[PDB]
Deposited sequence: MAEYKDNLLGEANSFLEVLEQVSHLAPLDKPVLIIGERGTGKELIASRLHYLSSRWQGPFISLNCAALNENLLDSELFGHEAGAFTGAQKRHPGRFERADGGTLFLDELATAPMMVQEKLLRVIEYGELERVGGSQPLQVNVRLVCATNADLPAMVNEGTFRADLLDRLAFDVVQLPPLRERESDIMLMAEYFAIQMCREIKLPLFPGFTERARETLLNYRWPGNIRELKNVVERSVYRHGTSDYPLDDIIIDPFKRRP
């Protein structure tokens, strides 16, 4: 579910509505917990491929050799397909791209341009039709300067860039989502009503940097509402760090 009405956030949805119909690769820039996969997804369902598959993959998770074959597959009942084939006629979401190895990056470029996967075993190359979407919170141009990311790929990958505003730059929305989250939590722990946040809880919420953004805000709130466990008076104690053993 998409929440938030801050200008920056709205301008993004607008950008997304126009980009989605195209087949050009899209690049999303943003911190963790900012909704990258959601946005990526939104692109898919608003596109013409909305009926094709929507695939995902977190590059940072696999080791070089594993990611390579996990992306373009390999010869295994008789063959192990890659996310590209599994996304054929659909969209492929590559998260944490900045972590992909040069080998893969280079290999990844060819596919984008040539629209085909290379293959061995006396088998002809594979033709794929995939709309690409990638996310990262890194400074790719910076990485191109350190030679850690291929400049040619960047030129090509980045048909256009979507940049999700971190939570701290949307303040307008911090109380809005906290309220929403608090309320879902009340429904689960069966509280009659959400009693609201004292000024202190607000001060806290609005002053935190929210490094984990929306995912963090959510967890902090549910946790907080739980510790409070009552509808008799406003929530005052915001548990940012579950490791501090309050009082």
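A.B. asks: Which regions of the deposited sequence are unaccounted for in the modelled residues, listed N- to C-terminal?
C.D. replies: Since the structure holds only modelled residues, the stretches it omits are 1 to 6, 83 to 88.
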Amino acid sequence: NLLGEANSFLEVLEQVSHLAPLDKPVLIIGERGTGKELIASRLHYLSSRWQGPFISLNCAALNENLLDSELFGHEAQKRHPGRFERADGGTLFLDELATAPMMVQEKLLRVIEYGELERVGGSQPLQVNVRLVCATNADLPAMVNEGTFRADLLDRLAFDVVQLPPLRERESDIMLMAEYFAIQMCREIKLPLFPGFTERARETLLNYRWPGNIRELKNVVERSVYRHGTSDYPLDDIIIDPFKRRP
From here on, numbers count along this sequence of modelled residues.
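A.B. asks: Could you find out if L153 - modelled in this structure - is missing from at least a third of the other PDB entries compared that contain residues on either side?
C.D. replies: No; none of the other entries leave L153 out.
A.B. asks: Output yes if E75 is unmodelled in at least a third of the other compared entries of this protein, no if it is modelled in all of them.
C.D. replies: Affirmative; at least a third of those entries omit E75.
A.B. asks: Comparing 16 to 24 with 221 to 229, where is the mean C-alpha B-factor higher?
C.D. replies: Taking the mean C-alpha B-factor of 16 to 24 and of 221 to 229, the larger value falls to 16 to 24.
A.B. asks: 55 to 63 versus 30 to 38: which one carries the higher mean Cα B factor per the record?
C.D. replies: 55 to 63 has the higher mean C-alpha B-factor.
A.B. asks: Name the one of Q163, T99, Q77, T91 with the greatest CA B-factor according to the PDB entry.
C.D. replies: If I rank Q163, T99, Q77, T91 by C-alpha B-factor, first place goes to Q77.
A.B. asks: At the C-alpha atoms, which of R168, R131, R150, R110 reaches the highest B-factor in this entry?
C.D. replies: Max CA B-factor in the entry, restricted to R168, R131, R150, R110: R110.
A.B. asks: Which third, lowest, middle or highest, does the CA B-factor of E203 fall in along this chain?
C.D. replies: It falls in the middle third of the chain.
A.B. asks: Consider only the C-alpha atoms of the modelled residues in this chain, order them by B-factor as the entry records it, and name the third containing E179: lowest, middle or highest.
C.D. replies: Lowest third of the chain for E179's C-alpha B-factor.
A.B. asks: Taking only the Cα B-factors deposited for this chain, tell me whether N213 sits in the lowest, middle or highest third.
C.D. replies: Lowest third.
A.B. asks: Sorting by Cα B-factor within the chain, modelled residues only, which third would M143 end up in: lowest, middle or highest?
C.D. replies: Ranked within chain, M143 CA B lands in the middle tercile.
A.B. asks: How does the C-alpha B factor of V120 compare with the rest of the chain: lowest, middle or highest third?
C.D. replies: Within its chain, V120 is a highest-third residue by C-alpha B-factor, going by the deposited values.
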